[PDB]
Protein chains: 2
Amino acid sequence: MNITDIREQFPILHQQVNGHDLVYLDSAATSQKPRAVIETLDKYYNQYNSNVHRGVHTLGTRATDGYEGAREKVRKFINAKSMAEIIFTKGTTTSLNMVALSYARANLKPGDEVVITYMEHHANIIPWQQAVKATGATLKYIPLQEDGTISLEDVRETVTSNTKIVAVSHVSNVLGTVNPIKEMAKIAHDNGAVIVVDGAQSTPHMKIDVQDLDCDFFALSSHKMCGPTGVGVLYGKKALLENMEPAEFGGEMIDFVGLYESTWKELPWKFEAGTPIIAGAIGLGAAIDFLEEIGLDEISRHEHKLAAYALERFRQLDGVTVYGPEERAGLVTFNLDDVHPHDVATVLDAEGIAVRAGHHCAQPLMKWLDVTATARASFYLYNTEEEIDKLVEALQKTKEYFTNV
Amino acid sequence: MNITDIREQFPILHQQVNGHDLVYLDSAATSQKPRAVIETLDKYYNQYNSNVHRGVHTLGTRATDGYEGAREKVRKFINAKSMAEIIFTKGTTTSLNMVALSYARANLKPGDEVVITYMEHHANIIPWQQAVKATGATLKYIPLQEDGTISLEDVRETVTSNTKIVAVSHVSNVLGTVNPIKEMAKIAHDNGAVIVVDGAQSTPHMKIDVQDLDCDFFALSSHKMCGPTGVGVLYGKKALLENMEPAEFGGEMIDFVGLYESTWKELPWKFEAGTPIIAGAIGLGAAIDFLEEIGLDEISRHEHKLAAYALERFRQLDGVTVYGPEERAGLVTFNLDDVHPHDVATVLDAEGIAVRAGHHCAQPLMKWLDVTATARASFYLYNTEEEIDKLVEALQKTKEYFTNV
């Protein structure tokens, strides 16, 4: 895994901001794309764009085979049993909303519980808040350990025989924690619940195998995994999808339309109403080919190296707090003592360095951490230890600067 | 308006299928894209991709300004009063589903009516079927005249003081009919109803002015108007949007998130949950710039010429039935006597010619027309009368061929 040769495929990395080479450390907000993905969109719009699932004409057939081809690539990439379990959506947020609308709203009654955790991103909070309000069910929170991990005994405590849904992130976009999904799925199933996994921050960075995890539903976003914006996937076990009603209705997802009543297509097309995200989903198949060629285990080993290096170099700085555990995904969320994280991010952008400052769509977690906001540097397959040196040198200079001020 | 110079900007037109120059006459299913749009996606992913609505770092600010910039371009393009009324979605189908979920489901009771027409595309049928079933309201159909137009007296008859919603296409994707939306909106408002306009087939081809039409909601798709797939718009009057609840929930559309309760952003962001369709919406702004540079009135005058030429040349063929009125948008849906439309479309594809055969997502209309399927040739700004000659010559040869057979 050669990082020079990988970075050479990402045109956007090769430019300056404010007179300094770009140092992009915000891949947890969105990732950058290699030429293989951008040229796959180009070749689609230059050569074979047409609407799909007619195949009466030649370009139509080629677009269809591209779109359903990419469905198979995603099936293989997360080790789903069938393409019937792979639904294309606009992103993780829409995928989790589909489960909350079609599954939760149809299966919750007063007495029932939905259990989540305090570290969840809002995409995996607000749909559940709404589904429990609609049904008169109850929402509960799994507590966190002091290093921001989840203990399985706390899971066992919170989940009861009235739990119907446990929803949890695979990897936290703030703490970097990798949650014990596979053991949490056992706990859910033992209680008679399903588990819904927010895989937006795990899928880009480590191999996913939904048969090993045994999750009931798993959601992911193309834009965080070197693929186009506007597209994601919802995986669900086929027997659950078969019994769920569609979240949206229209052409493409019907079989017969009468004046008042209609019947639905089989899966997966039951859940894909209207002309699909044709180019984006073919580009997400290209991103999967690109990542698979490098090797997800190789990219996870590179991120492990960068995260171990970052945590060590952050410990060298005085007056800097890092949140979450030592074992983690490739990101560090932090604050400088007495400097607002927004001013940290502004000063770093003057040195070329892109990081995020704010709540990271995790307000309940910020409250748990007893802070109003934090800064976050995140890493991906194109980042290097030299860029981490530049970040830690800039935080040192920021510290000195606001000191002099 | 020079058609040679326009076609030179669409790389996909310049290729052969089955040994014959491509003749693409299926723009009512999806349109082709000019280099200005494809190179706008390229320049986004090559130079300034980042997540939006943080602007703490330089690329982030540029992506944000691109995305909200394109929102303003769409506002101006349909003459909306405010960007608060312009919501980005994945397509017309999702936009109409949002109205059916957030508006209809909250405003229908037993006794209330939703009125549609028999010519509607399924996207503007099935959401209403579902919303009336959920609420115990009634669905009614405006009847059609024999040439497939709508009379305003039939509108006045069908719409009553119990109507709450009239939903209708601006232009029919089968009949080519242009509906009298502006006068239908008056009839709706006089009865106390809102009007929801499916503008998927009008927006690419003629100027839209939502203040002149006075529609309450208007939906459109990027992929039919030279823009990227996976993106559309829902326009709604600000006072209606303000009182509707979100259709989906997550990051980006919240202001404050507590453990059990959350409050929403102002419009338009209240209706855009999760990381948005950043590249696609910037490419749809580029498509609007491209179309505005040519001039929508110029493209409508070209389509009028092509449709008048086609209807005349189709009348020259024996044994060919054309459906719908003489005055129409740029498409012809037809059948050859005694030839199945699927076999017509197959034979034409062997001569390079791409058309559609089937129900065109309008099963109730096919039933009204007393046919099980039809063939459709549709036209756009890059098509020419010579291509229409090739279609009519091919139908003549198809007629002779199945005759000999």
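Residue numbers begin at 1 in each chain, while the letters A, B, ... track the order of the sequences. What you see below is based on every heavy atom in this structure, not just the backbone, and it leaves out hydrogens, waters and symmetry mates.
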Tell me, side chain or backbone of [X] under 4.5 Å from chain B's heavy atoms, or both, or neither?
X        : value
A:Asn51  : both
A:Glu245 : neither
A:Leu22  : side chain
A:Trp368 : neither
A:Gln32  : both
A:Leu41  : side chain
A:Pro276 : backbone
A:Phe88  : neither

Expected output: side-chain [X] to main-chain [Y] donor-acceptor under 3.5 Å:
X        : Y        : answer
A:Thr229 : B:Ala279 : yes
B:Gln15  : A:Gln47  : yes
A:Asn49  : B:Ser31  : yes

Among [options], residue most engaged with chain B (heavy-atom pairs, under 4.5 Å):
options                              : answer
A:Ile254, A:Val132, A:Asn97, A:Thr30 : A:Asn97
A:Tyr44, A:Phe10, A:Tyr24            : A:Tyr24
A:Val37, A:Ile38, A:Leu96            : A:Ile38
A:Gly91, A:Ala357, A:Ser50           : A:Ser50

Please report the closest heavy-atom contact between B:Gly251 and A:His122, naming both atoms and the distance.
->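 Result for this residue pair: N-CB, 3.7 Å.
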Heavy-atom pair with the smallest gap, counting every atom of A:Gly258 and B:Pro364 = O-CG, 4.4 Å
Just give me the residue among [options] that pairs up with chain A most often, heavy atom to heavy atom, under 4.5 Å.
options                                : value
B:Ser221, B:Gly358, B:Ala273           : B:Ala273
B:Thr58, B:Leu13, B:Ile277, B:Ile278   : B:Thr58
B:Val17, B:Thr275, B:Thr346            : B:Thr275
B:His121, B:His342, B:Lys133, B:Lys367 : B:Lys133

Taking only residues two or more places apart in sequence, or in another chain, which ones meet A:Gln129 in a side-chain contact (heavy atoms from CB on, under 4.5 Å)?
->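 Listed in chain order: A:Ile125, A:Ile126, A:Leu139, A:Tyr141, B:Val257, B:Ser262.
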Checking [X] against chain A: side chain, backbone, both or neither under 4.5 Å from a heavy atom?
X        : result
B:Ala100 : neither
B:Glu39  : neither
B:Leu101 : side chain
B:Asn18  : side chain
B:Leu59  : side chain

Point-to-point distance, once rounded to the nearest 0.5 Å, from CZ of A:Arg35 to CG of B:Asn46 |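 Rounded to the nearest 0.5 Å, the CZ-CG separation comes out at 9.0 Å.
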CD of A:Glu248 to CD of B:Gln130: how many Å apart, nearest 0.5 Å?
->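 The CD atom of A:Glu248 sits 12.5 Å away from the CD atom of B:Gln130.
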Residue pair [X] / [Y], side-chain heavy-atom distance below 4.5 Å:
X        : Y        : result
B:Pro228 : A:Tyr45  : yes
A:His57  : B:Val355 : no
B:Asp42  : A:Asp42  : yes
A:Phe249 : B:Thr93  : no

Who are the salt bridge (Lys or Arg N to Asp or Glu O under 4.0 Å) partners of A:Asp26, not counting sequence neighbours?
->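 If we apply the salt bridge (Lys or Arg N to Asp or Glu O under 4.0 Å) test to A:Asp26, skipping adjacent residues, the hits are A:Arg376.
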When you look at NZ of B:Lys140, are more than 12 heavy atoms from neighbouring residues, nucleotides or ligands closer to it than 6.0 Å?
->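 Yes, NZ of B:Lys140 has more than 12 neighbouring heavy atoms, counting only those of other groups under 6.0 Å.
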